[PDB]
Amino acid sequence: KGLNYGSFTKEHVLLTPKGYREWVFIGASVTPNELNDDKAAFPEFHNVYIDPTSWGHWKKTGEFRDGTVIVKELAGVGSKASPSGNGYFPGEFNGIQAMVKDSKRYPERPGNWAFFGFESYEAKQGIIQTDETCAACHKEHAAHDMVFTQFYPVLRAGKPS
Amino acid sequence: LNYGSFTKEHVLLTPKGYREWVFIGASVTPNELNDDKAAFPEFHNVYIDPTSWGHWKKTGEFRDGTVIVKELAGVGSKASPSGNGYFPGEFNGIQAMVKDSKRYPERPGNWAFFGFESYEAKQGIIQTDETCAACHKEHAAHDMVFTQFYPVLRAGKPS
Ligand code: HEC
Ligand code: HEC
């Protein structure tokens with residue numbers, strides 16, 4: 001069996017994940033401010049991680065086990081040009097978002113996903129989000145099980161046939 | 001333990017499982033911002049082997065036997081529910097660099113660079129210094145690696 005990644009409070013709120021940068025990377029996207037009227041909803045680079053246990057489970061099944069934790073880490077754009085050419089390059093770390101799939105802890109959320117915001121990296125836990133703030137966009141547009149796997153080529157290529 | 005596999009000529013065998021290594025940052029040079037032909041199209045996802053990553057959290061240096069994999073991927077779309085920008089598509093190929101003072105003692109920084117003809121290739125191709133190391137030497141922030149673009153490495157090192 002596999003470890004339980006993610007620690008929770010007695011009210012089932014995920015404590016601020018540490019060590020996620022050593023989980024399994026599944027994809028990176030970028031919404032720069034300048035392309036979104038100098039205020040993107042989520043600045044700017046986004047680096048996404050799934051915990052190792054649920055990555056083993058995904059390789060075997062193409063499905064997110066209960067106990068999946070997915071962390072989106074946000075970063076500024078640092079430059080627009082490099083010796084490799086024109087585009088977008090990351091600067092400093094900005095913040096994180098996370099989501100947890102758990103039928104037991106979250107029996108009445110869409111998909112059993114609890115979406116967590118964090119007010120800082122120094123914060124002890126996150127704040128669980130209403131269905132209008134987070135999960136509604138994810139159920140409408142995400143390709144599989146409310147996860148935007150159409151932007152996670154590690155996922156698509158890592159599921160079996 | 002070491003994470004490369006080699007032939008007798010110190011040629012690196014096409015790495016398997018590098019997506020299970022430690023991701024250290026991502027950038028994007030789209031073709032539309034580069035005269036419809038980027039040098040390295042388009043998204044770049046960079047990884048360092050876990051053993052070298054452990055030594056980096058200790059020393060902030062690249063130990064001998066360090067392997068870094070840059071995986072390339074197309075721009076799949078330029079808009080999504082999160083807004084305008086660039087979003088990944090399909091996997092294009094890989095590049096790799098390897099640090100070894102004893103096997104590459106004449107390469108700049110003991111770093112051999114490897115190109116790969118496709119995902120199905122068995123071994124890379126090792127590159128002359130002008131093809132790759134020339135530009136890494138001139139411009140990379142640390143020991144030929146563009147750590148100005150790897151915040152996981154910068155946040156990770158012991159300052
Ligand atoms: C990425 C995200 C992730 C990573 C996992 C995933 O399924 O992609 C998490 C844990 C998370 N968000 Fe998010 N979200 C949206 C899109 C399009 C992407 C991937 C593309 C990209 O990287 O830009 C996401 C969409 C939306 C959205 C539509 C406007 C809203 C309102 C939200 N998301 C809201 C939230 C959260 C509330 C603050 C929250 C904690 C999220 N998402 C977590
Ligand atoms: C990224 C790269 C990496 C990842 C580690 C790093 O040092 O960033 C590898 C293993 C690799 N490339 Fe190089 N490359 C260049 C730049 C600016 C970056 C980081 C930011 C980004 O993703 O865009 C790189 C630049 C250049 C360059 C300047 C004109 C040249 C000539 C090369 N790269 C050449 C090569 C290779 C020759 C075939 C090769 C195997 C590389 N790079 C590998």
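Remember, it's 1-based here, ligands and their atoms both numbered in the order they're listed. For the numbers below, each heavy atom of this structure counts, side chains included, while hydrogens, waters and symmetry mates do not. Numbers restart at 1 for each chain; the letters A, B, ... are given by sequence-line order, proteins then strands.
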*asked:* B:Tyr150 versus ligand 2: do any nitrogen or oxygen atoms come within less than 3.5 Å of each other?
replied: yes
Looking at ligand 1, would B:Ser80 count as a contact under a 4.0 Å heavy-atom criterion?
yes
Practice prompt. Classify the angle between the aromatic ring planes of A:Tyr49 and B:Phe23 as parallel (below 30°), tilted (30 to 60°) or perpendicular (above 60°).
Written response: perpendicular
Quick one: does [X]'s side chain have a donor or acceptor within less than 3.5 Å of a partner on [Y]'s backbone?
| X | Y | result |
| --- | --- | --- |
| A:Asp51 | A:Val69 | yes |
| B:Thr29 | B:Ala39 | no |
| A:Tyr121 | A:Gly95 | yes |
| A:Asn36 | A:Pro32 | yes |
| A:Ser7 | A:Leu15 | no |
| A:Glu119 | A:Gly117 | no |
| B:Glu42 | B:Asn31 | yes |

More than 12 non-hydrogen atoms from neighbouring residues, nucleotides or ligands closer than 6.0 Å to [atom1] on [X], yes or no?
| X | atom1 | value |
| --- | --- | --- |
| B:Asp36 | CG | yes |
| B:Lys102 | NZ | no |
| B:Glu90 | CD | no |

Identity and distance of the protein heavy atom lying nearest [atom]:
| atom | answer |
| --- | --- |
| atom 40 (C) of ligand 2 | B:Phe114 O, 3.4 Å |
| atom 31 (C) of ligand 2 | B:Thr131 O, 3.1 Å |
| atom 20 (C) of ligand 2 | B:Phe149 CD1, 3.5 Å |

Nearest non-hydrogen contact to atom 9 (C) of ligand 1 from the set A:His144, A:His46, A:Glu132, A:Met99 belongs to A:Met99
Count of protein N, O or S atoms below 2.8 Å from atom 13 (Fe) of ligand 1 equals 1
Short version for B:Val145: what comes under 4.0 Å of ligand 2, heavy atoms counted, is both
For residues 138-151 of chain B, run the donor-acceptor check on the side chains, cut-off 3.5 Å, and write out each pair with its distance to 0.1 Å, sequence neighbours left out.
residue	atom	partner	partner atom	Å
B:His142	NE2	B:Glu61	OE1	3.3
B:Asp143	OD1	B:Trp111	NE1	3.4
B:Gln148	OE1	B:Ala141	N	3.0
B:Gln148	NE2	B:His139	O	3.4

Ligand 2 atoms nearer than 4.0 angstrom to some heavy atom of A:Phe89 are 21 (C), 23 (O)
If we number the atoms of ligand 2 from 1 as shown, the ones under 4.0 Å from a heavy atom of B:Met144 are 7 (O)
Say whether [X] and ligand 2 are in contact under the criterion: heavy-atom distance to a ligand atom below 4.0 Å.
| X | value |
| --- | --- |
| B:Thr29 | no |
| B:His139 | no |
| A:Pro83 | yes |

